[PDB]
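Undergrad: Here's a structure for you.
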Number of protein chains: 2
Amino acid sequence: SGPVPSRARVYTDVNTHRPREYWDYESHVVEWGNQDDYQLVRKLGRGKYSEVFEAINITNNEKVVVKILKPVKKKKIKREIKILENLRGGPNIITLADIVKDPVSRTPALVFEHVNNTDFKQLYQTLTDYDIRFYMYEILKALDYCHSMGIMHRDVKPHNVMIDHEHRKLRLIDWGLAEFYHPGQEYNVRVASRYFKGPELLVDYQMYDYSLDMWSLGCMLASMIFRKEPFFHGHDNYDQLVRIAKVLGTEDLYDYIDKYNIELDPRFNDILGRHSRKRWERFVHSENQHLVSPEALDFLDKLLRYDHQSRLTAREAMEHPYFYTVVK
Amino acid sequence: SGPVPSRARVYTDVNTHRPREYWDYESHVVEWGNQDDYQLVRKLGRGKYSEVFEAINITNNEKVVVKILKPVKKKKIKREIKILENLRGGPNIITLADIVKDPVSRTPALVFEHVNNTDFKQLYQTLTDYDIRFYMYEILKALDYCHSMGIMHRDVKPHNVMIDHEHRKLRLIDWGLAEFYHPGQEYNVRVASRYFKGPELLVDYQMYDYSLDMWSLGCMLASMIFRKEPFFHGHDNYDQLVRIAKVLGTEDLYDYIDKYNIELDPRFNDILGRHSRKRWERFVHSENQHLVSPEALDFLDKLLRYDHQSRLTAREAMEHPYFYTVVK
Ligand SMILES: CC(C)n1c2c(c3c1-c1c(Br)c(Br)c(Br)c(Br)c1C3=O)C(=O)CCC2
Ligand SMILES: CC(C)n1c2c(c3c1-c1c(Br)c(Br)c(Br)c(Br)c1C3=O)C(=O)CCC2
């Protein structure tokens with residue numbers, strides 16, 4: 001019969017009511033800046049798609065971050081540029097300041113506002129209960145904004161959340177995997193990092209939506225309150241779904257694949273098995289108990305659902321009791 | 001009430017005093033040459049509307065430039081051909097030598113005189129004050145001629161000015177966006193590159209005229225005397241008008257839209273803000289001061305006005321003190 005279709009329960013048609021130019025990024029024309037305006041100071045890191053440098057805008061002596069792209073389809077570059085320009089000025093969205101043409105790689109280089117990030121492997125160990133609530137709220141601001149603008153990030157994870165902790169400042173970065181949501185569109189399921197892939201990606205259900213990001217957020221939250229980073233630590237995609245099922249239980253998983261008539265890859269047969277849904281109390285211990293509370297567990301439970309349609313929206317999440325004190 | 005109409009203050013009726021055939025390009029019949037007269041030597045570049053090749057005319061062994069056109073309405077090809085033929089032989093106008101059509105693919109190719117251009121990214125950094133005055137004067141010759149022939153270029157920018165610096169030769173090229181001026185005609189505002197769009201284009205005032213080109217010229221001049229390319233560096237069309245208003249001030253802008261009863265797009269409301277008119281001295285520094293003079297600033301100020309009717313004409317511009325030494 002084929003899989004049952006699905007639609008986002010919020011922001012479903014926002015791109016259809018936009019002018020064509022907003023989401024038809026293949027027709028976007030890039031206006032290049034002057035690359036001699038920037039001198040590279042030092043390398044900050046390397047990724048699958050890019051190399052990242054701290055640089056100086058010599059016209060005004062301002063610090064910037066330059067992401068020199070590795071070779072990829074021009075269509076994906078246009079997509080990332082168009083999404084960054086659509087989202088510019090939104091709450092906690094990284095600001096694209098310029099686009100130049102690297103003299104060495106002859107590839108594009110994206111210039112971004114600078115952020116003085118504290119590395120998460122050292123930050124998350126020091127975060128208090130209130131810090132986790134605060135930064136979760138900031139991330140939710142960014143996510144609700146981009147979802148309301150018809151865009152899903154599809155790569156939410158700690159490495160893509162820059163935090164200047166001294167100033168309580170947060171930026172959601174790396175939009176190279178983001179896409180425009182259109183109702184009925186089938187998307188590539190090979191997105192996001194393995195530890196943060198939603199079950200819809202792991203069972204190969206292509207008609208997903210904004211709710212994918214929410215699953216990733218839950219994973220992050222799980223790793224923060226239980227002090228286990230990453231929380232679902234699978235060795236591959238199959239073992240990733242297995243690790244998830246050992247916590248969430250197999251009954252809801254099979255109900256999920258039955259509801260959407262999903263054809264389960266045969267390889268799962270001999271590895272999913274039968275697993276009960278566990279209570280979160282089994283992950284609590286003396287070193288993490290100060291971060292775990294009834295409110296946090298209720299919120300986490302409402303994020304980590306197999307059925308993408310049953311997960312909280314970003315706005316619903318922002319209205320949860322877990323955040324009352326942050327809301328002031 | 002609607003917008004207040006406008007007319008060019010010079011060359012207003014030149015096309016109406018012409019035979020219909022001069023400006024009625026929709027009825028133009030193309031005189032085709034033989035495509036086998038030309039052999040392509042090498043590719044020189046790629047554009048939005050065309051690909052550009054160096055080629056050899058084998059009947060007379062002469063070097064030429066071939067612009068193979070991408071798919072476009074036949075009426076626009078007729079327009080470009082008719083304008084090129086009307087302007088052929090004019091001062092510093094590129095010469096159209098032939099028009100051919102691949103007998104198999106049926107795609108059209110325009111053949112042009114060859115010019116040994118030095119790319120502006122390397123030329124403009126080496127230009128002296130006198131060089132800038134000289135080449136501005138040459139561009140003004142071309143512009144006054146085409147305006148006097150009832151034609152506005154609508155795409156003036158460095159990429160469309162070919163300069164053979166060894167021979168002090170200059171050609172204004174790429175007339176694919178040019179149009180005939182008719183009093184009372186409303187034109188498409190989606191013309192020119194972002195950084196060179198006049199305010200009339202950005203506020204959607206359709207009854208513009210030759211003076212549009214003058215705004216573009218001012219932009220070029222600014223970037224050359226201040227060594228700042230582009231001068232108005234907007235992120236999009238809206239932010240482009242914002243960049244302009246941060247230099248020329250918002251008060252003259254609102255006086256402009258009041259004079260012509262222009263309906264401002266509501267989105268400008270939250271981005272234009274309040275800005276004072278800046279003095280040009282803020283763009284002068286140790287690396288460009290040898291190119292900036294009182295005469296240059298006076299001329300520039302008289303080019304970059306919101307009100308298109310208050311900008312210098314090409315001839316008035318040619319009579320400015322900035323050019324006395326060039327006039328000899
Ligand atoms: C972890 C760090 C080295 N980093 C990486 C990336 C990016 C960064 C980074 C930092 Br730090 C800052 Br601050 C800003 Br602002 C911006 Br934008 C970025 C960015 O895009 C990748 O895209 C992949 C490789 C890792
Ligand atoms: C920058 C260069 C490669 N170039 C481009 C174009 C054109 C040229 C060019 C050159 Br050089 C010369 Br010499 C002559 Br003569 C003429 Br006519 C042209 C011309 O029309 C485009 O139209 C768009 C793509 C870039």
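Labels used: A, B, ... for chains in the order of the structure tokens, numbers from 1 for residues in each chain, and numbers from 1 for ligands as shown.
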So which residues are near ligand 2, meaning at most 6 Å away with only C-alpha atoms and all ligand atoms counted, given back as a PyMOL selection string?
TA: chain B and resi 44-47+50+52+65+112-117+173-174
Undergrad: Can those selected residues be exported to a file as a PDB file, in the first residue's frame so that it contains N, CA and C atoms?
TA:
ATOM      1  N   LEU B  44      35.652  32.610 -22.309  1.00  0.00           N
ATOM      2  CA  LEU B  44      36.104  33.743 -21.516  1.00  0.00           C
ATOM      3  C   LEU B  44      35.331  33.911 -20.212  1.00  0.00           C
ATOM      4  N   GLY B  45      34.136  33.348 -20.108  1.00  0.00           N
ATOM      5  CA  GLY B  45      33.356  33.493 -18.893  1.00  0.00           C
ATOM      6  C   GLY B  45      31.934  33.025 -19.093  1.00  0.00           C
ATOM      7  N   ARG B  46      31.177  33.087 -18.001  1.00  0.00           N
ATOM      8  CA  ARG B  46      29.780  32.689 -17.963  1.00  0.00           C
ATOM      9  C   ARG B  46      28.973  33.783 -17.283  1.00  0.00           C
ATOM     10  N   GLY B  47      27.729  33.956 -17.729  1.00  0.00           N
ATOM     11  CA  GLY B  47      26.851  34.954 -17.161  1.00  0.00           C
ATOM     12  C   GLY B  47      25.453  34.416 -16.929  1.00  0.00           C
ATOM     13  N   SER B  50      24.159  34.537 -20.768  1.00  0.00           N
ATOM     14  CA  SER B  50      25.006  34.200 -21.899  1.00  0.00           C
ATOM     15  C   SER B  50      26.295  33.552 -21.426  1.00  0.00           C
ATOM     16  N   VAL B  52      30.414  33.549 -22.869  1.00  0.00           N
ATOM     17  CA  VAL B  52      31.233  34.461 -23.658  1.00  0.00           C
ATOM     18  C   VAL B  52      32.501  33.741 -24.086  1.00  0.00           C
ATOM     19  N   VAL B  65      34.565  38.499 -30.240  1.00  0.00           N
ATOM     20  CA  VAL B  65      33.978  37.964 -29.018  1.00  0.00           C
ATOM     21  C   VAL B  65      32.564  37.497 -29.336  1.00  0.00           C
ATOM     22  N   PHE B 112      30.752  40.429 -31.368  1.00  0.00           N
ATOM     23  CA  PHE B 112      31.182  41.764 -30.983  1.00  0.00           C
ATOM     24  C   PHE B 112      32.650  41.966 -31.333  1.00  0.00           C
ATOM     25  N   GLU B 113      33.005  43.230 -31.570  1.00  0.00           N
ATOM     26  CA  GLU B 113      34.403  43.634 -31.637  1.00  0.00           C
ATOM     27  C   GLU B 113      35.146  43.182 -30.386  1.00  0.00           C
ATOM     28  N   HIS B 114      36.424  42.864 -30.553  1.00  0.00           N
ATOM     29  CA  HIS B 114      37.239  42.441 -29.425  1.00  0.00           C
ATOM     30  C   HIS B 114      37.813  43.642 -28.683  1.00  0.00           C
ATOM     31  N   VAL B 115      37.885  43.520 -27.359  1.00  0.00           N
ATOM     32  CA  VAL B 115      38.539  44.493 -26.492  1.00  0.00           C
ATOM     33  C   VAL B 115      39.422  43.723 -25.520  1.00  0.00           C
ATOM     34  N   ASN B 116      40.645  44.212 -25.308  1.00  0.00           N
ATOM     35  CA  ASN B 116      41.589  43.536 -24.417  1.00  0.00           C
ATOM     36  C   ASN B 116      41.442  44.119 -23.014  1.00  0.00           C
ATOM     37  N   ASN B 117      40.428  43.633 -22.304  1.00  0.00           N
ATOM     38  CA  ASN B 117      40.085  44.185 -21.002  1.00  0.00           C
ATOM     39  C   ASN B 117      41.028  43.679 -19.920  1.00  0.00           C
ATOM     40  N   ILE B 173      29.466  48.002 -22.416  1.00  0.00           N
ATOM     41  CA  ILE B 173      28.976  46.772 -23.030  1.00  0.00           C
ATOM     42  C   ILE B 173      27.693  46.286 -22.370  1.00  0.00           C
ATOM     43  N   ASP B 174      27.215  45.124 -22.822  1.00  0.00           N
ATOM     44  CA  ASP B 174      26.042  44.437 -22.290  1.00  0.00           C
ATOM     45  C   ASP B 174      24.809  45.327 -22.247  1.00  0.00           C
TER      46      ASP B 174
END
Undergrad: Among region 148-218 of chain A, which residues carry a DSSP assignment of strand (DSSP E or B), reported as an MDAnalysis selection string?
TA: chainID A and resid 151:152 161:164 169:172 179:180
Undergrad: Go through A:7, A:20, A:171, A:290 and flag the residue nearest residue 227 (chain A), using only C-alpha atoms for the distances.
TA: A:290
Undergrad: Got a sec to pull out which chain B residues are within 10 Å of chain A, counting only C-alpha atoms, and send them as a list in words?
TA: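 Taking only C-alpha atoms into account, residues 48, 121, 193, 194, 195, 228, 229, 230, 233, 234, 235 and 236 of chain B sit within 10 Å of chain A.
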Undergrad: Could you list, as JSON, numbers by chain, every residue within 12 Å of residue 207 (chain B), counting only C-alpha atoms and ignoring same-chain residues fewer than 2 positions away?
TA: {"B": [3, 4, 5, 6, 7, 8, 181, 182, 183, 184, 185, 186, 187, 188, 189, 200, 201, 203, 204, 205, 209, 210, 211, 212, 260, 262, 308, 309]}
Undergrad: Do you know which residues are at most 8 Å from residue 276 (chain A) counting only C-alpha atoms, after dropping those on the same chain fewer than 3 positions away, and could you put them as a PyMOL selection string?
TA: chain A and resi 246-251
Undergrad: Using only C-alpha atoms, which of A:62, A:26, A:36, A:144 sits nearest residue 313 (chain A)?
TA: A:144
Undergrad: List the neighbours of residue 314 (chain B) out to 9 Å using only C-alpha atoms; skip same-chain residues closer than 2 positions along the sequence, and give me the result as a ChimeraX atom specification.
TA: /B:140-141,143-145,147,211,214,312,316-319
Undergrad: Please return as a PyMOL selection string: the residues of region 61-150 of chain A that backbone DSSP assigns to helix (DSSP H, G or I).
TA: chain A and resi 74-87+120-123+129-148
